[PDB]
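Novice: Here's my sequence, what's the structure:
(one chain, ligands or ions: 1)
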Amino acid sequence: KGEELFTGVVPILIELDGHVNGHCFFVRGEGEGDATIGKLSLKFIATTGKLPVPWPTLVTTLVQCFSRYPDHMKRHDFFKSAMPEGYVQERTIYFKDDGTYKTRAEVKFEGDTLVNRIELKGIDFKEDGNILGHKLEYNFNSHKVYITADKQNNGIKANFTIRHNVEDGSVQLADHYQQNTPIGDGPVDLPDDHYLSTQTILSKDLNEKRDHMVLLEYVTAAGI
Ligand SMILES: [Cu+2]
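Specialist: Residues are numbered from 1 along each chain as shown. Below you will find the coordinate block:
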């Protein structure tokens, strides 16, 4: 149960509420996810206008439940087990030599649609740094999301470090710390240590005048 909800294409809605150094923005996302192949397709819109932060910083924050979990690994899929009731996702993202994001998100089914609603607060960002000041290349590298059971929280923790390309040639690191807890009262799947290999392509809709991001992503589970 919960597995069944992802056999096939599921519609997605993402809403992001962001406050960074007294700036504010709202991102809205739509698209489809297909967990049997591990594919997300999504168009994001800055409803509140030109962003204060580069879109790539928002990628990890802007539905890991669409992750593809192979047949032998299926008992380790915590994300889909929390469904439909869903789960909570909290992150602390440390931008090396820069500010940090704190995020809280709820991911649950709402009728037909898989919804991810997020709150993000960003403190201590250098203005004219890589993040404020927009020095990041419009792209995304491949990453492994290391997942570990968190038994006393009835959820999971995750670690990874995002490599953001800087326009001058250097890299900007972003240490992710992650925590996921169910919204309901169980029972829930708790996995052996493993990780999610992810690949991502950021593009633009050529017809679209609003500040925005089109994203296509592939995620498969591995390590067992
Ligand atoms: Cu707000």
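
Novice: Please count neighbours and contacts with C-alpha atoms only from this point.
Specialist: Noted.

Novice: what about the strands in this protein?
Specialist: For the chain, strands defined by DSSP state E occupy the ranges 9-20, 23-34, 39-46, 87-95, 100-110, 113-123, 143-150, 155-165, 171-182, 194-203, 212-222.

Novice: Report all helices and strands that the first one contacts.
Specialist: By that I understand strand 9-20. strand 23-34, strand 113-123 (3 or more CA pairs under 8 Å, 6 or more residues apart in numbering; DSSP states H and E).

Novice: Tell me which residues are up against it.
Specialist: Strand 9-20 has contacts (CA atoms under 8 Å, 6 or more residues apart in numbering) with 24-35, 52, 62, 112-123, 125.

Novice: right, and residue 151 touches residue 192 too?
Specialist: No. Counting by CA atoms under 8 Å, residue 151 does not reach residue 192; the two are 11.0 Å apart.

Novice: before we move on, back to that, mind giving me the PyMOL select for the contacts of strand 9-20, buried ones only?
Specialist: Entered in PyMOL, the line below selects the buried ones among the contacts of strand 9-20, by 16 or more other CA atoms under 10 Å:
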select buried, resi 24+25+26+27+28+29+30+31+32+33+34+35+52+62+114+115+116+117+118+119+120+121+122+125
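
Novice: ok, back up a step: what's the closest of the helices and strands packed on strand 9-20 to residue 216?
Specialist: Proximity to residue 216 (CA to CA) singles out strand 23-34 among the helices and strands packed on strand 9-20, at 10.0 Å.

Novice: any chance of the strands of the chain in TSV, plus distance to residue 130?
Specialist: Supplementary listing: the strands of the chain in TSV, determined by distance: least, CA to CA, whole Å:
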stretch	distance to residue 130
strand 9-20	14
strand 23-34	16
strand 39-46	20
strand 87-95	9
strand 100-110	12
strand 113-123	14
strand 143-150	20
strand 155-165	10
strand 171-182	8
strand 194-203	18
strand 212-222	19
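
Novice: who's sitting farthest from the centroid in the chain?
Specialist: For the chain, the largest distance from the centre (CA atoms, centre = their mean) belongs to residue 168, which lies 26.1 Å off.

Novice: and residue 1, which of the strands of the chain is closest to it?
Specialist: Distance to residue 1, taken as CA to CA, is lowest for strand 100-110 among those, at 13.5 Å.

Novice: what about that closest one, distance to the chain center?
Specialist: Centroid separation for strand 100-110 versus its chain: 9 Å, with CA atoms, centre = their mean, to the nearest Å.

Novice: likewise stretch 69-85?
Specialist: Distance of stretch 69-85 from its chain centroid, counting by CA atoms, centre = their mean, is 17 Å.

Novice: Can you give me the buried ones in that stretch?
Specialist: Applying 16+ other CA under 10 Å to stretch 69-85 flags 69-70, 73-74, 76-85 as buried.

Novice: ok, now stretch 166-176?
Specialist: 166, 172, 173, 174, 175, 176.

Novice: These into CSV, with extra columns for distance to residue 218?
Specialist: Formatted as CSV, the buried residues of stretch 166-176 follow (distance: CA to CA, whole Å):
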residue, distance to residue 218
166, 23
172, 22
173, 21
174, 20
175, 21
176, 19
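
Novice: nearest to residue 103, of the residues you listed?
Specialist: Once CA to CA is applied, the member of the buried residues of stretch 166-176 that ends up nearest residue 103 is residue 176, at 10.7 Å.
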